[PDB]
């Protein structure tokens, strides 16, 4: 499945989980939201950004030791074959992990990729490596953040929660700034696709609004393709490019701000 008890990749993902749960604090996320929130680093098309990820392997992913750009196409393809009628959703597959361009810009990987969690409240039991990787996090020594709800009001809504910083929130905010013309569902899925304690573990319902609950099956449906299309046998990217460019032209055309 996705194996955190066995695997030939488990040490590197154990390091990045340990480093991520150590340094992802309320302060850190507040800093990074500003650092990236103006989308002033680069100008690029989707396929340019996709190609940039020809240069990136994920250290938090125990299912995968090849360029992450191949996984973009694999996820897109899996979705396209299961949901022929929803082209916007094919594209969400191609797009979802494009926020990882941040690791090519010198961000450490624990600050880019990986299962997300809410920062500013106590980590819940389904956070990977929760029992063993949070003891050097300064926020857990802070009474403002060490309780179940921490800085949050019950059922505030995930859109009102400060998530540990990485690819999902970067891309969510990117797509708003660039005004992608995808459905609300698309933005939501990308923004919370890493939030495994929530969509897979049964955790963080204290923070959920009814709207979040309603979105859960969409993110669970996205997640099964994100996860299970991961395979060493790679797509014919050159073959597929025209199809995806056609969707890019419809939903998020031209040079974009990153």
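Residue numbers count along the first chain shown, from 1.
When the mean C-alpha temperature factors of 60-68 and 36-44 are read from the deposited coordinates, 36-44 comes out higher. According to the PDB record, 126-134 carries the higher mean C-alpha B-factor of the two stretches 110-118 and 126-134. Annotation for residue 81: C-alpha temperature factor in the lowest third relative to the rest of the modelled chain, per the entry.
In the PDB entry, residue 164 places in the lowest third of its chain by CA B-factor. Sort the modelled residues of the chain by CA B factor and residue 228 lands in the highest third. Looking at the C-alpha B-factors along this chain, the one for residue 26 belongs to the lowest third.
Compared with the other modelled residues of the chain, the Cα B-factor recorded for residue 9 ranks in the lowest third.
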